[PDB]
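Just one chain is shown here, as C-alpha cells, and it is the form solved without adenosine-5'-triphosphate (ATP).
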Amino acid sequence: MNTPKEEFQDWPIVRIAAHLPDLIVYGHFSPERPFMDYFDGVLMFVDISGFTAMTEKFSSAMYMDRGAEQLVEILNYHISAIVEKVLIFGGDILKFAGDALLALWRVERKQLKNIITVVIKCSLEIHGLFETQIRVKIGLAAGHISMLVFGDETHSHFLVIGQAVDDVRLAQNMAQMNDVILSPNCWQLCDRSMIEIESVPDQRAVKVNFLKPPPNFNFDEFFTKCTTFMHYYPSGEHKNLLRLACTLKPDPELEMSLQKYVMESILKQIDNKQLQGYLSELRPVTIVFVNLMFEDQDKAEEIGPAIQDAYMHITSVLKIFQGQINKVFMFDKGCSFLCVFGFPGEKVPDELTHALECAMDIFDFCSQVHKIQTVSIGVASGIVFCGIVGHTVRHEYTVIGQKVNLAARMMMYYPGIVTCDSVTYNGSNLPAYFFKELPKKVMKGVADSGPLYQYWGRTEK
C-alpha cells in the first residue's frame, strides 16, 4: 500500500496568513471592537530606510519601464533575508512599513531576561548580513505591551502600544547605521554579564558593542532552552518550516476573521483572480497621512475607544472615494493612519480636490472625539512604489516613496492642521484663498520640499 508524499499546503487560508503575524493568526479573540489585550515581550525595530530610499532612482529612465519590478525584486531579496533571521530566532514579524519592520518575541515576564539575549544575537546576525555590501539600524525594547484591534464588520486593523513600543521607536531614532540600541528598561531587564555596552549622550538608552558570553556558554543549548517558552516555534515534524502558519488548514470561520485584515485586491490575487504581478507598480497617488495624539498614548483603555471612533468615520469618508487605509501604526507621537487615494486600480478623477475635502472632513470629525487631543494631517501627491514586500512566508502590501515620507513629516512638523504639498495645491486648482502658504521648516529626512500649504477650507471662519 503506497504512502505518497504529503504535498498540499497552498490553500487560500495559508496565503492569507502570510500577511499577518502569529499574534493575529493564532490570536482567537472576540470580534468586538475595540478589543484590547495585554502582555509582555521584547520588541525589535529594524530601520530599513537605507533600502527603501532607492525608490526615487528606480523611477529613472535607466530602468526602462521595469522600475517597480526591479525595485520589488531587490528589496525583497534583502528584506527576505532579515525576515528569515527573525523567524529562525523565534520572533513574530508584526508589521512592515516603508522605513521599518517591527518584530515581537512575546513571553512571560520571567523569561524577558534570556529572550533579550536571543534578540541581541539575532540583531547582530542581521547586521552581519549587510556588513560588506544599504545598512540597517536596530532598536530594542522590552516590557509591557498592549494590543488593540479595531474595525468594523468587514475590516480589522491592529496596533501595539505602550512604553515598550514608544521605547523601541526612541531606541531606533538614536541609532546610527549598524547600531543596536537598547531602551533604558531593556537595559535594566537584560543579562548584563552577556553584553558589553556604552553610554549614549543625554540618554539612559544604551548601545551594544559586543555580545561576549561566559566561558561555558553555548548559544545553541541556550536557544533550545528558550524555545520552551515559544508557543509557535516550528518543531518536530515541522522543524523544516519557517512558520507554523504554513501548516494552517482550511477553516471557514478562521478565514473569515483573517481576511478582514487584508485588502480586497490582495485577496483577489490570493484567489487566483488577478495576475500575481499586477500590484507591483510605480503609480501616482495622493497620500493622506492622519495623526492622532492623546493625553496619554500608553493607556489602551483610554485610547482604544477613541481610535475605534476615528476609524469608523475615516473608513466611511474614504469609502466614498475608494481611498484606502494602507496601515496604522503608532508614530513617535500618536496613532497614524496611512491613507491612500489611487493604488490597486482604485484611481478616481479629481483625486486632489477630494483628497483635501476628505482630509478636512476627517480633521473636523476627529477633532471632536473625546480624548483625541490633536489631529494633524499631511497630504502629498506623486509617484510612489506600491507592492507586496517581505518574504514568501511573511509579507505585506506596502507603499514606499519620498511623498509618503513627506506626508509623514508634514503631519509631525505642522501639528494641529491639514497641510499639503505643491503638487496637491497647484493640481487642485481650488481658489487660492482656500489655502495658507506656510513657513518653510527643515524636516528630518526631507530635502527640497517645495512650498507647503495649509488647507484652510472653504470659509474664512
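Heads up: residue numbers just count along the shown sequence, starting at 1. Note that the rigid core is defined as the largest set of C-alphas that superpose within 1.5 Å between two forms. Only residues modelled in both forms are compared.
Keep in mind that the form solved in complex with adenosine-5'-triphosphate (ATP) is missing from the display, and what follows is about it.
- In summary, the binding site of this form is blocked: after superposition of the surrounding C-alphas, adenosine-5'-triphosphate (ATP) from its pose in the deposited complex has 3 or more atoms within 2.4 Å of backbone or C-beta atoms.
- For the chain shown alone, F331 is a contact residue for adenosine-5'-triphosphate (ATP) in the deposited complex, at least one non-hydrogen atom being within 4.5 angstroms.
- Among heavy atoms of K137, some come within 4.5 Å of adenosine-5'-triphosphate (ATP) in the deposited complex.
- Shown alone here, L282 lies farther than 4.5 Å from adenosine-5'-triphosphate (ATP) in the deposited complex, counting heavy atoms only.
- When adenosine-5'-triphosphate (ATP) is considered in the deposited complex, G50 lines it closely, a heavy atom lying within 4.5 Å.
- Contact annotation: adenosine-5'-triphosphate (ATP) lies within 4.5 Å of heavy atoms from the stretch 42 to 50 in the deposited complex, the single such stretch among 418 to 426, 42 to 50, 28 to 36, 432 to 440.
- The partner is not shown here, but in the deposited complex the stretch 426 to 456 reaches within 4.5 angstroms of adenosine-5'-triphosphate (ATP) through a heavy atom at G445 alone.
- No residue in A53, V393, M412, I417 other than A53 shows a CA shift of 2 angstroms or more between this form and the one not shown after fitting the rigid core.
- Compared with the form shown here, the Cα atoms of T52 and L87 move at least 3 Å farther apart in the deposited complex.
- Compared with the form shown here, the C-alpha atoms of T424 and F51 sit at least 3 Å closer together in the deposited complex.
- Taking the core as reference, several blocks of three or more adjacent residues between this form and the one not shown have all their Cα positions offset by 2 Å or more: 49 to 53, 345 to 349.
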